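Novice: Structure in structure tokens, see below.
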Ligand code: SF4
Ligand code: SF4
Ligand code: SF4
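Residue numbers (PDB author numbering), protein chains in the order written: chain a, 1 to 68; chain H, 1 to 60, 67 to 206, 214 to 318; chain q, 2 to 144; chain A, 1 to 26, 49 to 115; chain I, 1 to 178; chain D, 46 to 54, 61 to 430; chain B, 35 to 189.
If you want it as structure tokens, here you go:
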């Protein structure tokens, strides 16, 4: 009966769920636990290039704090 | 990293398109009271690979012959790039306009196929389908131009933070009743699949490519609905939950398409263009004016970061 | 009222000869339904009945692996059904041989035969008659 | 670079598929159509004019944007209704 | 006693209520949704499908398929060359050539059929006064060549000596009706 | 003028087009002609029926019945009551079969393909009945001159009742999908609009008439069987469109059950084949014991039963219309001419007028209404 | 090895051309109601990965069903030439195997095996959809018993 379509429904479900979590976890692994910043404007890009310049490593996924 | 992500975005969607062909066959069979494929493998999870091997086994201007299907498929795959699930692969302001462009283009393939095939028979249907697709993409664009005024940005992330509290269907359903239909024309699905109903030149391989892109566009328009008019739950700690609810609603719409394909007859071309030009375009313009006034005789004028 | 269905499903699973038999069946004949066994031919063909299902599906059959020097685990026809059961299987009657055996007669084919399409023991046509017109058999001496 | 990568990848995948396909085995006019294409143009141009609302709305001259939008929409509808009444949407030859 | 379809019992009204219902059904698509509901209903039902090689459809003893000559319980044949099958076969399919038999009795030497012409009607088993030839139930004798279907006396005899364990019961049930 | 050909997707059409609308539609018949009326003359009156089953292949029994009735009008006899009733029964079952196939192929050629698969189960049930009675699925030799071949086994009536108990619900569940769907209403309405005078002239029959207001049914009039006994209300339409025709077909589907109910509840006992052994063969027990019955068996089955020189024109209300037979005969078993009259012929003669001014994808709906079958047409 | 895996590859590609079967249902006459009854629920052609209907240019098998006259022969040979290799054929009925009840007529092709080749035959007037399935399975086996790669690798 109608309980024979699940072996395709669940398949499509998992294979449409994989890309989202893939992207999220991958962005997070790269940028160190925090998501990938976005720049709809020049303001955020200025912030990002500033953090890049002061990272001491030339990468922006480093937030310093008050110990600088 | 990035190549890994593109693989995660391209391989699983092809897998899902295959198993979507399967699901179509099964649900149509169960609505016509029969089973559907249950033999090639357990409950029919190998028929798609069987079809692939068979097609690539079948024997048959090379320029058009190749560029048309390739173009269509590449567009259909690129359409996926800018989607949020929940954080996208490529955050693009104007993403939905990029979507509309790359969805409209395939008309070039449809048209080159005809202009190559000398068959007057072929140009007949080519012109007809091209015209219907064009005319429905018009409204497909105006609906967005009338809704997105709720979030003053053509982005696709802002949709989510917007729908945080409520959805986008309780309002704007005079549109969803359309955006859930034009999607049945650009895709040349039913009840507007006349382009495959009246037949009197696609070989095996290029046919496989055309069909791949067709069902990809199916999945993608359904995802666009699930994102726009059926806002999921964006609790930042649960991107998994977002993706999961998105999956659910996409499957629901993709089975609604099949309810339709099974139940209804097909539209006579003239009746169809009448439908559009004399029922949807006036309503569409008036509703766009309505949603233009709403943020003026109400404080609800949204921001632009 | 779903655990009844679930228990039905699990006893359906286990009814077969464990995982191995379940796999043999669920990969040869794509069914798992459990039902009574009433008869068993001499080749291995195991028949089954379940009179709570609808029509045409209340009887069924599990064929034999090897039949007359042949490997029929995958290869499976519908002509491998011997007649004295074929009749019932096709819904012509309601009493199997164990309670309605046939007439014990000779000159009947004991070892049934699967279909003979292109095998080297297939069928061909010919004439079953002698020569209508005889002829002259000349001598073997010169004059 | 990212979109370049993605697009090259998609194109190369499609071409691998088609190369597999190729290796593994071894008229009068209808004025109505032109009129419809023309309607499509004269609407896409309206679309180009009309898209910028999500940024024209956050300005201060609401009394101007509201008006100009209504104007465009209503005059376009007038042209549409005239085309209809003069039988550009009938298809019977 | 005629009738009238597609016609109202009288002229309709212009009630705002009737116009309202009309407008609703024209906008929100009530009837289309009802059709979708019906399809859902049939989706949630049992399918009439069956596995052919492991389940075979129903029939009745009166089937008409593969052919079969027959025998008495004493081994002897039943055909005596009465030729009714030849003179009644609508297709002229059958071909017979009879002769004596060294034991003095009467019998055949050629009883050939072309199952490409045989329309599977029943006239031969109706005419045969001795029930010799009986169009049988076997419908699985599809082949790969057009010469496994020009059956002859020996193939028919084999089919009889094979299926006689079923035709006996079939006829024992059916004959009274005829 | 873009004149083109059109085939399957037998139906070879040549469309003289103008843009998108039509100007002319010339069919090209003959793709299914064989030699029925050139073979019969070389045969008897009892190895001809198969031809009349193969003709209008859907029903087959409202055709065997026509042949039987012609032969009987020639032989100046009648069959018995049980035979007449059984024959009415199967006539109605065939009305149902043909209406189903017309409806569903209409909806299929349009694109709606679910009711096809739905009703084909019930069609399989009817075929189970044909099997229980005749022996084969479709092309049964059951109905024969001088009555019928065999009586009814002892497990049929109950099944027929149990099937009629549900066919109505299935019909309603298909109506729910179609008879109100605006899409079907727009595919069919104002199509194939016809006027009574031109229908009569062109020679239309049956539904193509009574969907245009006319009152003509060869069962109420020219009653060939017991149809004068039972009640069955005839449907008609006022407009004359494919919608009205569809609705006529469905209403006939229903009145056919209104008939079957009474056929069942009044079927009498008795015989099947008239006991005139010079015409219909006798039972086998007598064929074997007695002698004269054996002689008559022999003669019937080598030299068909002689027929006196006459000529007739019968008629039936087959699913479509005036299935007619002009059967000429010399004083011999081998007849001299058997002209069939199948309505598809005139339906095509009127297609070129029903398709003047309508678009390209309405020819299909026209043909669906006409229920075109080509076996009956080519002859 | 080489020959072993070559045989296995041929068996797999035969698996494909055996499951993904698409017919052109060239049904002229009353051997057609039975194709339709077969694609109907109770036997469900599709179950074996065999679609109800489909155009030639993408089809693999071709089911002839009905009298094959001298006006619809040309079209048939045209279709069988247009179709793409491989192209399997299935004759379904007396009329199309030996001209059936119309053998001795003047406007019949006394056998579709004259116009076109054949890989399977089926008797009937009509047949039974069950016998038709049996013919199609005989066809699946006539496929599974092919050794193209072996004959090439030993050409
Ligand atoms: S069944 Fe009919 S057609 Fe076939 S051999 Fe017998 S008499 Fe001839
Ligand atoms: S009717 Fe019977 S006995 Fe007479 S020739 Fe034919 S098979 Fe022989
Ligand atoms: S063999 Fe019989 S059923 Fe088949 S097409 Fe010919 S007449 Fe019709």
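The beta carbon of each residue, even a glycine, is placed where N, CA and C say it ideally should be.
Closer than 6 angstroms to a non-hydrogen atom of ligand 3 - does that hold for the CB of residue 188(H)?
Specialist: By one-based count along the second chain, residue 188(H) stands at place 182. No, ligand 3 has no heavy atom inside 6 angstroms of this Cβ.
Novice: Would residue 104(q) pass as an interface residue toward chain I - the criterion being a Cβ-Cβ separation below 7 angstroms?
Specialist: The sequence position of residue 104(q) within the third chain is 103, counting from 1. Taking Cβ atoms only, chain I reaches closer than 7 angstroms to residue 104(q), which makes this a yes.
Novice: Run through DSSP, which three-state label would residue 238(D) get?
Specialist: Along the sixth chain, one-based indexing puts residue 238(D) at 187. In the structure shown, residue 238(D) sits in a helix (DSSP, three-state: H, G or I).
Novice: Quick check: the Cα distance between residue 79(q) and residue 69(q), rounded to an integer number of angstroms?
Specialist: What you label residue 79(q) is simply residue 78 of the third chain in a count that begins at 1. What you label residue 69(q) is simply residue 68 of the third chain in a count that begins at 1. About 15 angstroms.
Novice: Helix or strand or just coil, what does DSSP make of residue 105(A)?
Specialist: Within the fourth chain, residue 105(A) is the residue found at index 83, counting from 1. Residue state, collapsed to three classes: helix.
Novice: Taking its Cβ as the centre, do 16 or more other Cβ atoms sit within 10 Å of residue 179(D), making it buried, or is it exposed?
Specialist: Here residue 179(D) refers to the residue found at position 128 when the sixth chain is read from its first residue. Buried: at least 16 other Cβ atoms inside 10 Å.
Novice: What I want to know is whether the C-beta of residue 128(B) ends up closer than 6 angstroms to one or more non-hydrogen atoms of ligand 3.
Specialist: What you label residue 128(B) is simply residue 94 of the seventh chain in a count that begins at 1. Yes - ligand 3 has a heavy atom lying nearer than 6 angstroms to the Cβ of residue 128(B).
Novice: In whole angstroms, what is the alpha-carbon distance linking residue 47(I) and residue 55(q)?
Specialist: For the purposes of this step, residue 47(I) is taken as the residue at position 47 of the fifth chain. For the purposes of this step, residue 55(q) is taken as the residue at position 54 of the third chain. Taking the straight line joining both Cα atoms gives about 10 angstroms.
Novice: Under a CB-based cut-off of 7 angstroms, is residue 116(B) close to chain q?
Specialist: Residue 116(B) sits at position 82 when you count from the first residue of the seventh chain. It does not: the Cβ of residue 116(B) has no partner Cβ on chain q nearer than 7 angstroms.
Novice: Interface residues of chain A around residue 147(H) at Cβ under 7 angstroms?
Specialist: Taking the second chain and counting its residues from 1, one reaches residue 147(H) at position 141. Those are 69, listed as they occur along chain A.
Novice: Candidates 244(D), 357(D), 354(D): which alpha carbon is nearest residue 416(D)'s?
Specialist: Numbered from 1 along the sixth chain, position 365 holds the residue referred to as residue 416(D). Looking at the Cα atoms, 244(D) is the closest of the given residues.
Novice: Does the beta carbon of residue 79(I) fall short of 6 angstroms from some heavy atom of ligand 1?
Specialist: The residue given as residue 79(I) occupies position 79 in the fifth chain. Checking the Cβ of residue 79(I) against ligand 1 gives no.
Novice: To the nearest angstrom, report how far apart residue 48(H) and residue 52(B) are at their CA atoms.
Specialist: Here residue 48(H) corresponds to residue number 48 of the second chain, with the count starting at 1. Here residue 52(B) corresponds to residue number 18 of the seventh chain, with the count starting at 1. Cα to Cα, the separation comes out at about 13 angstroms.
Novice: Tell me, please, whether the CB atom of residue 101(B) is closer than 7 angstroms to any CB atom in chain I?
Specialist: As a first step, residue 101(B) is located in the seventh chain; it is residue number 67 there, counting from the start. Closer than 7 angstroms: no.
Novice: For residue 45(q), is the classification buried or exposed, using 16 other Cβ atoms within 10 angstroms of its Cβ as the cut-off for buried?
Specialist: Against the third chain, residue 45(q) aligns to sequence position 44. Exposed: under 16 other Cβ atoms inside 10 Å.
Novice: Could you tell me whether the Cβ of residue 108(I) comes closer than 7 angstroms to any Cβ of chain D?
Specialist: Along the fifth chain, one-based indexing puts residue 108(I) at 108. Output row for residue 108(I): interface = no.
Novice: Ignore the nearest five residues each way along the sequence and tell me which others in residue 123(D)'s own chain have a CB closer than 8 angstroms to its CB.
Specialist: Position 72 of the sixth chain, counted from the first residue, corresponds to residue 123(D). Counting only Cβ-Cβ distances below 8 angstroms, and skipping sequence neighbours, we find 129, 130, 196, 197.
Novice: What are the boundary residues of the beta strand (DSSP E) that residue 48(q) is part of?
Specialist: The residue you call residue 48(q) lines up with position 47 of the third chain. 47-50 is the span of the beta strand (DSSP E), which, as asked, contains residue 48(q).
Novice: For residue 6(I) versus residue 288(D), is the C-beta spacing smaller than 7 angstroms?
Specialist: Mapped onto the fifth chain, residue 6(I) falls at position 6. Mapped onto the sixth chain, residue 288(D) falls at position 237. In contact: residue 6(I) and residue 288(D) (Cβ atoms closer than 7 angstroms).
Novice: Identify, in the order they occur along the chain, each residue of the same chain with its Cβ nearer than 6 angstroms to the Cβ of residue 374(D), setting aside the five sequence neighbours on each side.
Specialist: Within the sixth chain, numbered from 1, the residue matching residue 374(D) stands at position 323. Excluding positions up to five away in sequence, the list reads 117, 367.
Novice: Taking 6 angstroms as the cut-off, does the CB of residue 118(I) come closer than this to any heavy atom belonging to ligand 3?
Specialist: Translated into the one-based positions of the fifth chain, residue 118(I) becomes position 118. Every heavy atom of ligand 3 is 6 angstroms or more from the Cβ of residue 118(I), so no.
Novice: Does the CB of residue 56(a) have a neighbour CB from chain H at under 7 angstroms?
Specialist: Sequence index remark: in the first chain, residue 56(a) carries index 56 (1-based). It does not; no Cβ of chain H falls within 7 angstroms.
Novice: Report yes if the CB atom of residue 241(H) is closer than 7 angstroms to the CB atom of residue 160(H), and no otherwise.
Specialist: The residue you call residue 241(H) lines up with position 228 of the second chain. The residue you call residue 160(H) lines up with position 154 of the second chain. Contact: no.
Novice: Just tell me which of 184(D), 181(D), 339(D), 188(D) has its CA closest to the CA of residue 163(B).
Specialist: As a working mapping, residue 163(B) is identified with position 129 in the seventh chain. Cα-wise, what sits closest to residue 163(B) is 188(D).
Novice: By the criterion of Cβ-Cβ separation under 9 angstroms, what are the contact partners of residue 141(q) in chain B?
Specialist: The residue you call residue 141(q) lines up with position 140 of the third chain. Under the 9 angstroms cutoff, chain B gives no residues; its nearest Cβ is about 47 angstroms from residue 141(q).
Novice: Taking a contact to mean a Cβ-Cβ separation below 7 angstroms, would you say residue 39(q) touches residue 50(q) in this structure?
Specialist: Indexing the third chain from 1 puts residue 39(q) at position 38. Indexing the third chain from 1 puts residue 50(q) at position 49. Yes, the pair counts as a contact, with Cβ atoms nearer than the cut-off.
Novice: What three-state label does DSSP hand residue 102(D) in the structure shown?
Specialist: Locating residue 102(D) in the sixth chain gives position 51, where the first residue counts as 1. In the structure shown, residue 102(D) sits in a helix (DSSP, three-state: H, G or I).
Novice: Leaving out five residues on either side along the sequence, give the residues of the same chain with a beta carbon under 7 angstroms from the beta carbon of residue 110(A).
Specialist: Residue numbering aside, residue 110(A) sits at position 88 when the fourth chain is read from its first letter. Once the five neighbours on either side are set aside, the close Cβ partners of residue 110(A) are 57.
Novice: Are the C-beta atoms of residue 115(A) and some chain D residue less than 7 angstroms apart?
Specialist: Working through the fourth chain from its first residue, we reach residue 115(A) at position 93. Interface residue, yes.
Novice: Sort 112(I), 32(I), 81(I) by Cα distance to residue 127(I) and report the nearest one.
Specialist: Taking the first residue of the fifth chain as 1, we reach residue 127(I) at position 127. The option with the nearest alpha carbon to residue 127(I) is 81(I).
Novice: Give me, in chain order, the residues of the same chain whose beta-carbon lies closer than 6 angstroms to that of residue 74(q); leave out the 5 immediate sequence neighbours on both sides.
Specialist: Position 73 of the third chain, counting from 1, holds the residue named residue 74(q). Closer than 6 angstroms at Cβ, skipping near neighbours: 66.
Novice: Report the residue from 137(D), 309(D), 377(D) whose alpha carbon sits nearest the alpha carbon of residue 193(D).
Specialist: Reading the sixth chain from its first residue, position 142 is the one you call residue 193(D). The shortest Cα separation from residue 193(D) among 137(D), 309(D), 377(D) belongs to 137(D).
Novice: Any C-beta of chain I within less than 7 angstroms: which residues of the segment 165-178 of chain B qualify?
Specialist: If the cut-off is 7 angstroms between Cβ atoms, the segment 165-178 of chain B has 165, 167, 168, 169, 172, 176 near chain I.
Novice: Helix, strand or coil: how does DSSP classify residue 69(I) here?
Specialist: Locating residue 69(I) in the fifth chain gives position 69, counting from the first residue. Looking at residue 69(I) - three-state DSSP - the assignment turns out to be coil, as it is neither helix nor strand.
Novice: Classify residue 7(q) as buried or exposed, calling it buried when 16 or more other Cβ atoms lie within 10 Å of its own Cβ.
Specialist: As a working mapping, residue 7(q) is identified with position 6 in the third chain. Burial call: exposed.
Novice: Closer than 7 angstroms, CB to CB, is residue 42(I) near chain H or not?
Specialist: Taking the fifth chain and counting its residues from 1, the one referred to as residue 42(I) is at position 42. Cβ-Cβ to chain H under 7 angstroms: yes for residue 42(I).
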